[PDB]
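A single chain, nothing else alongside it, follows as structure tokens in the form deposited in one PDB entry.
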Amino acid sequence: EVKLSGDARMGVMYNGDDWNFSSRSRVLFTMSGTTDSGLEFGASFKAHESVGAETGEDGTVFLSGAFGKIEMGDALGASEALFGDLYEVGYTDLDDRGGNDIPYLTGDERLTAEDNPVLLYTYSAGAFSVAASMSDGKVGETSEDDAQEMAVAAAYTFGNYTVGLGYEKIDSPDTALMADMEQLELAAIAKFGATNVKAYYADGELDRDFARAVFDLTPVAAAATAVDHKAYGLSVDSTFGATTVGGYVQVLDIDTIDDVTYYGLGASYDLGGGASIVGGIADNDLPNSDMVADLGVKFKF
């Protein structure tokens, strides 16, 4: 079976200096089936991703049963699969100054590429959830060695609370050229009625020149070394009637390179029927950074 859904948005976005019109529309194909014994299977991708979905680079394919779910393609890594992101600000998703996304080390297109899908396994039973993910270590479908990513995460929900932890790592094919990386995460999520609170703390080490590129800094001409880092953040959103209001703040601190605090604040108003008016403000504390903002409408179909 093949089902269709879609979304679209239109409005004005401020890039720090000028306003521009910003709009888009997308269609999602959701495909599903069930075998004779009740294993469920499916696949999905968006219309603008159709070339990539044909090589494994975009979209996902899955098989699930009593054993849990196996998904291959452009999949999330294990930690992101269980804890997600902080409150999304602005109708265009204003990630220009850092954004709402939590800084996971693996999955979500870190190594996914043409002819190179990644794997995500999930399982839940009651109150508990576990996820595990990995890439295959070879470029495309070739025999050339690639960096290889892997992660494992577990969560437990008790009442209003889910708490969890994840561990992620990237193994370098050549540690003279790129240091191995790893990150450990603790995440907590709480709903107190109309209010959602999400918080995380992450700690680990990154390749030096990969870390410098986060801050848009040229690499140093030396053999690869690792730098220690930490990241933590929080978001709060609450709904009163048709109005949701929310925001987040995150800081990323990489030893010997730099630190940044980035944040955003936005609101939406539900018009019903799949339409909402959405606007927001986002920034970070780096020297140059002017605040980005937007105001428009989002539609679901």
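The term rigid core refers to the maximal set of C-alpha atoms that superpose within 1.5 Å between the two forms. The numbering used is simple: start at 1 and walk along the sequence shown.
Below, we refer to the form deposited in another entry, which is not included among the displayed structures.
Only one candidate in 228, 180, 145, 114 has its Cα displaced by 2 Å or more between this form and the one not shown after core superposition: 114. Distance between the C-alpha atoms of residue 33 and residue 114: longer by at least 3 Å in the other entry than in the displayed form.
Relative to this form, residue 111 and residue 145 separate from one another in the other entry, with their C-alpha atoms ending up at least 3 Å farther apart.
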